[PDB]
Structures are given as C-alpha cells and as structure tokens.
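First to last, the protein sequences are chains A, B, C and D. All the letters of the first sequence, read from the start, carry residue numbers 1999 to 2274, 2283 to 2323, 2329 to 3035 under the UniProt record's numbering. According to the UniProt record's numbering, the second sequence is numbered sequentially starting from 2535. According to the UniProt record's numbering, the third sequence is numbered sequentially starting from 1963. According to the UniProt record's numbering, the fourth sequence is numbered sequentially starting from 732. Working notes for the structure below.
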Amino acid sequence: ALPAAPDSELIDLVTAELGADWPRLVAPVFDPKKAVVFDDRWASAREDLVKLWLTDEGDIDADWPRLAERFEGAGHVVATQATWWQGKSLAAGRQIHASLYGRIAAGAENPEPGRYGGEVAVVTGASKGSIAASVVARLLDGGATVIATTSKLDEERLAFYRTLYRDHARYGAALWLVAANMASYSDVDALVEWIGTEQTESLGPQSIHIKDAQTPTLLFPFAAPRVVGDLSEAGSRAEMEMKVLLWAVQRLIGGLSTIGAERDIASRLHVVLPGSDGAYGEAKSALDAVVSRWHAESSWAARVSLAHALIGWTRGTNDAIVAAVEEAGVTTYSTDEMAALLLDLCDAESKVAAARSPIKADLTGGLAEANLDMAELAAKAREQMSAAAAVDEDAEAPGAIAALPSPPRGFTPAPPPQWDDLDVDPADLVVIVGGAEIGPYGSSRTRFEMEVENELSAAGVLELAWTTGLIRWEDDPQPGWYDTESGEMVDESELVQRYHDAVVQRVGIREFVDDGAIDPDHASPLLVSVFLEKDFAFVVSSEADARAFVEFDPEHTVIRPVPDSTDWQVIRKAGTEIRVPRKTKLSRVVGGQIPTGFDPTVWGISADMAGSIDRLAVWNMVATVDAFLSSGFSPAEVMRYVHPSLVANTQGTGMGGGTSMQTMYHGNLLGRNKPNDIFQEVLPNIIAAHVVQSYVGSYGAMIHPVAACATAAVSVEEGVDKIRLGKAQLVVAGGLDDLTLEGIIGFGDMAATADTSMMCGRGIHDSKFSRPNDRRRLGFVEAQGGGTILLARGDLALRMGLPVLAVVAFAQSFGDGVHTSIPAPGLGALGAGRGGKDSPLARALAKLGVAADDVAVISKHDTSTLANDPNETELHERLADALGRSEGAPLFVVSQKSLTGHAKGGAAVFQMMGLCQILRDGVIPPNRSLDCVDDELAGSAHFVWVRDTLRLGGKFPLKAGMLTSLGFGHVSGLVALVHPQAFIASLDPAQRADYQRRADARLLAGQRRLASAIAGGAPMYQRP
Amino acid sequence: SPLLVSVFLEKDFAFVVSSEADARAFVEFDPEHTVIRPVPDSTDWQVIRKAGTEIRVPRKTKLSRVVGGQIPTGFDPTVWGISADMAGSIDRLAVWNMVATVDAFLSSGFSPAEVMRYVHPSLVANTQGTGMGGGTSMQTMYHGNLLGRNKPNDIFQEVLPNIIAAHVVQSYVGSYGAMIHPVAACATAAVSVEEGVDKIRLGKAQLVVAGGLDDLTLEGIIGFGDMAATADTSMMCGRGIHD
Amino acid sequence: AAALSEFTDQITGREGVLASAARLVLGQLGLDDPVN
Amino acid sequence: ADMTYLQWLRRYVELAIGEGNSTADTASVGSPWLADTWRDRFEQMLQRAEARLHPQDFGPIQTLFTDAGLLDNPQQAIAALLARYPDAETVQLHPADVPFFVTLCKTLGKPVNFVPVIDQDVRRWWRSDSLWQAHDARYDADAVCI
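And the structure:
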C-alpha cells in the first residue's frame, strides 16, 4: 500500500488531466524485428510476364502504352524471358502479343533510373483507399525507396501492401514498412533512429546486413489523427489531434533532418504539409506554426525545405457530394490526379523555389472561395443518404431450392499436350499407377485442393470431418451423418458452411497439440543434482525386493528391518544423490502433425491392431489402401494378372518408429509394461513388413531404404530400377517419418529449423512459418507423414487398363563427395548432366519425346533454411544449362514444403503426388507463405516464382516436371515425371481408346467407392 | 530396465539454492496441489505437495549374466588412424563403418582416389545401409536428455540410420554416386548388396561400396528376451551349456 | 463421538518427537539382522 | 445405388405412370398420378436431382417444375430436367441418395408401387397395399393378387 497510493494519485490525475485511455492510446508498438521489405520486383515481373500470356489478346491493345511502360525497370532476365515469349507468340501467330513482348524486352534493357531516383521518402498513415496510399503508389512508379509506417502489422495489411508494391513497383523501387505509433514519442524516436543508423542483425556465427543507410529526402506526414467516433473523447480529442498533427510531425521533421546534417551538408530535407473553409483555416493555423518556426530558427534554413500545398476536395474518402460541388463550380479530383498535382512540386524547379522561402501553393480548384459551407453540403448529403442507402430490399427469385454436395463424377484434366507417336514400346516404360499420402492435411485430395484454392470442397470437408471424428454415419433413428458431440441431422446443404472453419482449425501447419494422451513433462534436457542425507520413507515390499534394492547400497548405508512392513529400510549417508528429473517445456512448437483427432479405425483398421503396432505402420496401411482403392485397384487383381513374385515392396521408412521408441523407453523407465513384441515392431522395416503381411502380401524384393530426408525418393528410384531390370512389374514404393518430442527438441538445438522464438519476434503468423525462397526464413518446420506411390511398367498398366498418373523418365540419387568442412554445400546432383545432350537425363527425356526446353515445372526441395534455398537454385540452374535449356525459357517453381512442412522421410511422396496432380490439372499452386524473394536468387535466369494460382488450361500445356530432394547428409535425388499422354502416345492407335475408357472407369469406380464408404458402409481394408 | 515404482509421499521436501524464476517454473504446475513458502536465505520458493502426489524413484534391476557378440573388448578405433575427437563425437557405428571401409580398401590394395583416377566420381556409389541405426547413440541421447547430460547439439543429426554411411562417404570415399541405405533388421546387408549389383547391372555405377552395420543395446537385449525369441541365459545355463 | 482423530494425532506427534530425538543422540537402532 | 439420375426418374415414372393405361381409382382425369403422395415423391426426386447434379454446393439456384403442366406431365418434366443437366444420363447416384430414396418411399399416404430394397423386410414392402391391382386393366390377371 505504500507505493500504490502515489501510483493511484498518478493514475487518477492522468485520468482527470488526460483520460482513462491514455496508457493504451499512447502505448509504443515499434519493434525493429517486425519490419518487412518488399523489394522483389523481378520475380513479380516474371509472373506478370506469364500472366500476360495467360490472358487473351482482346485485352492487350486497349492497354498497350501502360503495359509497354510497366516493364521499364527490370533485370536482363526479364528482357530475355520477354524475348522468349515474343518468339513463342511468333510461333503461335500473335502479332499483338509479339509487339507487346518485344517492347517489354526493349524497355527492360533501359538502364537510366526513374525520375523518383535515389530519394528516400517517408509516408505515414498509408491506409487502403487513402491519398497516402496513392502517393506511395506514385513514388513506387517513379522508382523510389518508400518507408511507410502503419498502426498494426497483420495478414490483411501485409497482403494489401504486397499487392500495392507488386502492382505499382518500377525501376529500383523498394517499399520498407514498419508498425509504429504516431501518437507516441518513443516510437517516433525509434523510427528516426532506425531510418538513420544502419541495421545489421548479428546472428551467432555471422551477421546479416539489412539496412545500409538512408537520409530521407522527402516526408509525407499524412497520418490521420484517428477515425473513431464511439468514445465521446472530444474534450481529449481536441488536444490529441492537435498533438498528433502539429507536435508529432514537427518532432518527426526534427529527427529526420538531424541524421543527414553532419553526414552531408547542403542536403536539405523536404516536407509536404497536407492542408485541408474552416478546415482550411485549421490547416493555415497548423501552417503558421511550423513555417513560423522556419522563419524563427536559422538552422532549419539550411536543413529543411519547408513546402506545402492547399489541397482541395477528393471524391474518395459520396457521389452526391461530388455532384453538388460540380454543380457549384469547384472542380474536384480523385486520389491519383491529386497526387500527381501534389508531387509535381518536388522537382528541381520547385525545390529551388522553396529554397529561399517556403512555397504556398494552392491546389484547390474552386473551394478556396467559400461559395458553399461544408455543413451546408453535409446537410444535403445526409438528407440524401438517408433516402438512398437507408432503403434496402431484396428481389429473391421464386425457386429457392437448396444445393447439395455433387455426386462423384470423373476428373476434369486440362487438355492434354500433343506430340507425335513414340517409337518406344510400353515394355520399356515405367509409369506411376497409383499413390496416396497421409500428411498434415490428411489425404492427397484435400491437400491438393488446399494447395490450389485454399478452400476445401464439400467432398474434402466431409472426408476430413469423417476421418477426424467430427462426423459419423448411423442409421438407427434415420440414416445419415450424426455429429459426435450432439447427434443431429446434419443437412448436406450446409455441410461446408457449418464444418469448414472447424476442419481448417483441425488441419494444416499449426501449434503442437498433444494427441498421444501422455503428459508433456516426461522428455526434456534438464539438469538436477541434489545430495540428501535425510530420512528415506518407504512402502510395504518383500524382503527379497529390499535386499535387491540394498544390493549395491550397503557400503554407503545402514540397513534396518521393519517387521510391520516386512521389508528392509535403506538410509544412505552424505554424498548420495537422488534423481528428481525436472522437465521444462519448449512451449509453442508449431509443426506439421496429421489432422487432430485422426482416427485410423474409421478406415477399417481394427482397434486392437491400431493400439498394438506403431502408428507409423497404421499410417502406412492407411496410405497403401488409400492408393490402391483410389486407383481402382486391389492386390488380388495384380495376383490375378501377374505371379506373386513379380510384385515387390520398397517402402522405406525415414528413421523408423520414433514415437514407438520413445514410448518403449518411457514404458521401460516408468514400468509401463512394454509390449513384449514391440521391440520387433520398432525396427524401421517392420512398418512395411506389417503392411505387406496385412494388405498386399507380395513375394517380391523387400528393400526399405533410409536417407533421413529423401527415403521415399530413393525408394522410388530403386523401384524403377527393379522394374527396369525385370525383377518386378508392380512395385509398392514409398516412405514415412514421424515427429517426436526428442525430434523437435534436438532439431531446435541444431538451430537448423524454425524455433518459434525469433519467428514470433518478427511477427510471422504460425501457419506461415515455412517460407522457402523468402527473405526472412530461418529454418524448416518439421512435420510428420508420408505415404506410398505405386510403380508399374506399361505392359501391366495397358494389359490391366490401369490409370497412369505420370511416366517416370529418370530416377537417381547422388552424393556430395569429399568435404571435411561440414558447412560446405553439396552439388553432386549434377551427375545427371555429364555430356549435355548425351547425358542420361537428356537421353531419357528425348527417348520419351521431351526436349530440354520442354521441362516446365520444377518441384524444388526448398527446405526453407538460409543455406539450401540458394544453392538448390544454383544446382537447378547448372542442370538447366547442362541440358542445353534455351536462354530465357521460364521454369515454374512449385515449393510444396511451404504448405505441408518438412516431413523428413516422407517429403518425396508429397512432391511426387503434387507434381502428378499438377500435370493432370495444369494449375501451378502458389507459395502464399512468400512475401519477398531474396536478392541472391536474382542470378537465376529461368526461374519463375508463383504467388497466385496460375490456371494453365488450353493455353500452356505442361509436358514434364522434375523432382529434387537434397537429403540430409550429402545424399540427393532426381526424379523426372512426364505427362501421362506419353504413355498413350507410346501405344498403337488401335488401343488408346479402349485403354483410356478402362482407365477412366477405374478412376471413377475408385472415387465413388471412396464416397460410398464415406456415406453408406462397406469399410475400407476388408481383411478376411 | 523395466520396473514399476509408485509411492505417495506427504512429508517434507528438502531443496537446494535456486533462483526465484526456477522455483516459479517448478511450481508452475504445482500450486493447485501444494503450498508455496519463500526462503530468503536460499532465495527460492519451497513447494510442499499434500497427500496424493507421487515421486519418481526408478529402481533398476539387472538381467544378470547376459552374453552376446560384442566387438573385442578394449577395441580402440583410434589405433586405425581415427582421430580421438571424431571417435568421441560421432556414433560408434559411424566409426565402425569407417574402420570397415578403410580395412576393405586397404586389404584389397585399393584407394578411392585410384577409382576416381579410373572412372568419373559419379559412377562410384555407396549403398551402405545400417540395420536399425545408432541404437547406442539414441540410448545415450535419451539418457543424456533425462540426466541433463548435455549431449552434443548435433548428435540428433548423427543418430539417423543413414548418417553413418553418409559420414563415411563425406570422410573416406567421397563418392558422387547413388546413396541408398536400406533396412531389413536381419538381412539389411544382403538387401544392400542386391541393390548394389542392380545399380551396377543398370550401368548407373561400376564400383559400389555396399554393406551394413547393427548394434546391440541394453534395450535390445531386454526386448529380445521379452519376446523370448533369443537365447535367455537362464535355461541355457540350466541345461549346462557353456557360454 | 468418533474420537480416533486425537489418538492418531498424538501417536503421530510422539512418533515424530522420538524420531527427532533419535538422530542427534547418536542412538543407532536396527543394527541386528535376522541370521537364524 | 448403381443407377444414373435420368434412369432413376425414368424407372419411377414407368413404374408409377406406366402407359397411362390404369383405370382404377385415378386421382382425376388428365392427372396420371394415382395419388397426391406419388406426385409429391416424384417432385422430391426431381428436386434432389437438381440439387445434386447442378454445378454448385453453397447457394440455392432457380428450380424448374414450378407446379404446372411441366410437372403434371412427367415425361416432359424429365425432358426439361435433361435439357438443362445433360450429364444426368451419365453420372450415377450419390451414395447418400439411396437411404434418402428408401426413406422417401416410406412417407405416409398411398404406399409405393414397388419394393425399393431386398432385405429382412421384403414381405412387408411387397404385400403392403397389394389388393387394388385387381381392378385396373393395365395389369395382367396372372400378376395381381386375387
């Protein structure tokens, strides 16, 4: 109560003098670690080059000059790619696109900077649909560094400013952006000291340079006081708005003019004052404070170029007001032309004019004279808006019948590409015949729709609710799906509108939720060492047990018998130590866990089997049955068509039962009876062994590889090798990995992954932790999952009418070689390019009728660390040059790890499935976790980073794609998948129609069987 | 060792000097089941849980006289040329793989440099697949995690099954060839040998360093005896059979 | 009239008292072993 | 479960309306239905077909069959449904429409003219309201219960 009294007087005198909301509304929010840069114009330029082709020629001539001058400042890569697109337009016969791309290439070569060149501008209060946003856009058009502050940095404003830069950037524009409070002097001081002194973040071994230096030569104090009318703060608003304008911008002027004073004399800062009859009077009053200071102090004469414009009226931040003023006679403007007529006074002539004395320019086109009063127009405005906007009706049409989830119909792939009949026979072809994954988003269908349009369909929502346990089918009162928590008739008309949010909160990259039903305080590195000499309390035990306890003790204790408890008591003297393991918690470890509440038993797995064996084996069973029944398949059909010894299984688990080993050790220490056979069921190969012994029962070769980051990829490679040698014709390849508490603890100890501390420090959302090819990445988000993919040769697929998802043109792994220095990077995946046109990769692709220029999409590894993102780009660039890739050909980058995270052993399955679905559908998924690509990635002359879903239908057919999995520990992997149309082109014309019909029937049957087991019954994994 | 201990204590809890933050972290989950008392002399807080709480005192038995096929006792891999720091740092499976690789090459009058002289570095592969992968390494890792033993922060990278052969490549042979390290848990080496001859037949390589390694741990013997699928010393001694 | 609480309390209190007295009077107990 | 929506509705219409040859307790003249519940069942069939086939899942869309002669004549009702959903002849029935059909055949009114499923309740389905068929000439004397 002693300091609480004067503190109470302070708080209530603040309440009386200032108000009860002062501590909030004055609180500081600036943090130098939460700044964001948006200087990635080249990648956006390449994506816009692609998007220009993706739109028809009917919307190009109408914007020929604007699109012509939009690519005025860009790299040589953009010019080369524009020439490539111009040549392709020549080939396809588009003269209008030809001229547009040629002019784009010519403009990109121009090396003089924009007229807003080399000037750093500070704009505050830049909100959506505001004059500040428009002046920022014009500054970016001029190619100027703009450091704009904001009230808060969240996802919505992040997207708004990202789109703003990508739409308006030119030349060497770079939009810096921080979250600061304009009503707090501490944040103003931090802002000026950080726009001044350089910012070089110093990480442990090495430092990272971020901000070289900048003296802001332009300032736009456009920060609005506040748009708030629900506090009745007029008594305090009258002073706080005066503060936020006058004293805030004056101290901002002082701070921004201080930095460049002693560094470079005769470098005089320039400020534009927003001056808005009564409002104009207040603007003039605000003027003749700062300008009065200018005429007073002689230091500001040589350091600040005070200038100001009498702004008029704007039509945005309605139509009735514009009509009224245009009837009055004052000519109004919108944001863009007013911004032009405002920044036109920042040239050499206007600055020279403002040098000797401040300029007082009037940009009012008739409202300078008080012909009409603001309240006079406001009365008409209000009496008309409560006629126009006051009324609100509806014109609903008579029908009004609810809609229902569509029945399972066949897929709608993009129009297949065309190439001539292949001389190759399906005997020498290896095709991907199936494949399913179980990962952060569940199956592959939900994961791919998530990746494409970021919203689940009705089928996906229904499947994810069914699997996670939110929904269950019962037929006792009335057949239908019953909610597990309350049990009602769910209406299929509102399935999405009711369950979409719950499912998306149950799925994706998210914070670690404990689904193991065990306490989280049993595994963590911590030290406890205490020496006790006090009494030792005990419990009733046998004499033999006491003797066993005191077997090693007696030299360091005294033994006393207790007849009542029928045991012996041990009492160790000083020097003995007792183990009391204290367990800490690395709280908020976001990961890529499988969907919460994932119940494998609803897939048909028996509960006892799920409880007994490791969950990795259960996931492998689920993935295998999912792949087979999704491809309209069954192992029994394979055995009907081929001998049981010609079907093999190479499912190589990543590390092998991590949760199983940790649980077995926890049981051994805690006495938890350890299943006497769990040690057999903890080996890495036992997962695939149980899968074959349960579902498929193949007699083929059993090779389960381990690479710890590419197990699935290298298993797939060996599978294609076994098919090529003839030892098999249907190989069930794949791989799985798991994340455990030990895994995350050690990986965070490595500092090679995304530890939540710094990522929260930079204000990055939990789901956007995996940001490959991004500027502010600092490690991968480890995940759990994997799956299986089915390989077969063209003979079995054609003889059996099986669906072909892709054709494996090349599969291989590589090492990195002698490198004693571990941090030295690896580049050994270039062994697939020795000789160029004679290289094995090029030879295989040509054998399948695919040129080097014909590879379109690269599914990079992209672990999202500091190290392996640029070097993988270098590796792919060298591979492209070795294969003789044409100069300037685009190369779409699909970085799937930004969605599912880094599942160590199962990463490759996700990549192969994603590439197959990309080739089937023709759409390029976006990397929505990308804000700006790094500067060192600009050396790639072919890559095209995708930020929005490119829907390449009949306009751009993707014919091939390449996989790369740079594993952990000098192990690599290269897989090239060709479009399924290669398989059709391989076989004779008298067979393709029948094969296509049978394959489509198989796919439709598989997906409708999925739907039937979703609703009706007949569970998956029928084990006789 | 698997043992069950479950005792509920309602007596005094002696403590040691610790920071107030450490005491608060200790009593983060406790306070609903205890009373907190401060001690200015020790500058900490004292947590005293009432009845119903349990303290972990893991008693460890001994499956006495277990026999196995351990490497020769006193085996010193550093006498083969392995540096002591490397032997201490990485798992002993990786050290054994180093020893085996150098032994094979030198016994055959070989050297990887000669191979690179005769063929391109991309045509020499390495398919050494470890059986389960660093069992002693993970066992020591978890013991250090629980005992606070500060394990090397990179040992989690050096416990994965493939990292043994990976480190062997990065140290001795430096091959650019395919890296396929299988697991079969009783036939891993034969499986790797089969896949190596497969790669040779396809022409992806012409010198493949295949092989495999496995380790016996306390967990290994304990579980193997748990399934009764191994030779448990009890009945074997009961039948009067020499070790 | 369940009065077992007071007898249990006094038994425990005097047990604690004798235990407290024992460990500084260097009075060793239980030095015998069943050797029959 | 193995029927397309088009042939589903065609089978229902053929089983109920037939050739228009029924001459026993007709609802009216010019109305081929023998009961209002039968036409309600048919309209619900058509509405479910619309709600399923049409390419949308969230919002209500405009339905045809605005309770006019375009519904009282079931053949042209099916034709009008086909003319706007050309896939009705190809896409098979959703698995959730089979329990819906079974329940829809169990509503109160004149019982259905058929047996929807073959199960434990086969006789109850078959013999329910099976005595009126002896009074219309559209059925043969061998096939009716006398």
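Quick reminder that beta carbons are idealized off the backbone N, C-alpha and C, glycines included.
is_contact[residue i, chain C] using C-beta, thresh 7 Å
i                : result
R2558 of chain A : no
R2593 of chain A : no
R2571 of chain A : yes
When the options are compared against residue i, the one with the closest alpha-carbon
i                : options                            : result
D867 of chain D  : D:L824, D:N752, D:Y736, D:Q806     : D:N752
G3017 of chain A : A:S2642, A:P2592, A:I2697          : A:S2642
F2220 of chain A : A:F2028, A:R2160, A:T2148, A:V2920 : A:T2148
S2940 of chain A : A:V2819, A:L2852, A:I2775          : A:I2775
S2870 of chain A : A:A2862, A:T2884, A:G2860, A:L2137 : A:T2884
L2175 of chain A : A:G2284, A:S2087, A:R2309, A:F2036 : A:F2036
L2852 of chain A : A:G2711, A:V2539, A:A2891          : A:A2891
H825 of chain D  : D:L784, D:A814, D:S859, D:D873     : D:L784
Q2248 of chain A : A:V2225, A:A2292, A:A2232, A:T2213 : A:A2292
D2806 of chain A : A:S2397, A:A2259, A:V2435          : A:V2435
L2597 of chain B : B:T2767, B:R2773, B:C2771, B:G2772 : B:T2767
Beta carbon proximity, residue i to chain A, threshold 7 Å
i                : result
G1978 of chain C : no
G1992 of chain C : yes
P847 of chain D  : no
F2609 of chain B : no
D788 of chain D  : yes
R855 of chain D  : no
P817 of chain D  : no
CA-to-CA distance, residue j to residue i, given in whole angstroms
i                : j                : result
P2021 of chain A : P2416 of chain A : 52 Å
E2237 of chain A : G2284 of chain A : 17 Å
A2987 of chain A : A2822 of chain A : 7 Å
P3000 of chain A : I792 of chain D  : 44 Å
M2973 of chain A : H2990 of chain A : 11 Å
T2587 of chain A : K2733 of chain B : 59 Å
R815 of chain D  : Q738 of chain D  : 16 Å
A2721 of chain A : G2665 of chain A : 8 Å
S2726 of chain B : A2700 of chain B : 15 Å
Neighbour flag for residue i against chain D, beta carbons, 7 Å
i                : result
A2647 of chain A : no
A2414 of chain A : yes
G3027 of chain A : yes
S2641 of chain A : no
Cβ separation of residue i and residue j, assumed to be a contact under 8 Å, to the nearest whole Å
i                : j                : result
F2921 of chain A : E2448 of chain A : 6 Å
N2679 of chain A : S2535 of chain B : 7 Å
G2860 of chain A : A2993 of chain A : 7 Å
7 Å Cβ cutoff, residue i in contact with chain B
i                : result
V2133 of chain A : no
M2973 of chain A : no
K2858 of chain A : no
Ignoring anything shorter than 4 residues, give me the alpha helix (DSSP H) runs that lie fully in the region 2539 to 2621 of chain A, in order along the chain.
Scanning the region 2539 to 2621 of chain A from its first residue to its last, the whole alpha helix (DSSP H) runs of 4-plus residues come out as 2554 to 2560.
If you scan the region 2139 to 2203 of chain A from start to end, which runs of the beta strand (DSSP E) of 3 or more residues do you find wholly inside it?
2143 to 2148, 2172 to 2177, 2197 to 2200
Please list the segments of the beta strand (DSSP E) lying wholly inside the region 2877 to 2911 of chain A, counting only runs of 3 or more residues, in order along the chain.
2902 to 2905
4-residue-minimum alpha helix (DSSP H) runs that sit fully inside the region 2064 to 2117 of chain A, ordered along the chain:
2074 to 2090, 2093 to 2106
What are the start and end residues of each continuous beta strand (DSSP E) run of 3 or more residues lying completely inside the region 2694 to 2779 of chain A, in chain order?
2715 to 2717, 2741 to 2748
In chain order, each alpha helix (DSSP H) run of at least 4 residues that lies wholly inside the region 2487 to 2517 of chain A
You should have 2506 to 2517.
What ranges does the alpha helix (DSSP H) occupy inside the region 2382 to 2413 of chain A, keeping only unbroken runs of at least 4 residues that lie completely in it?
Listed in chain order, they are 2385 to 2399.
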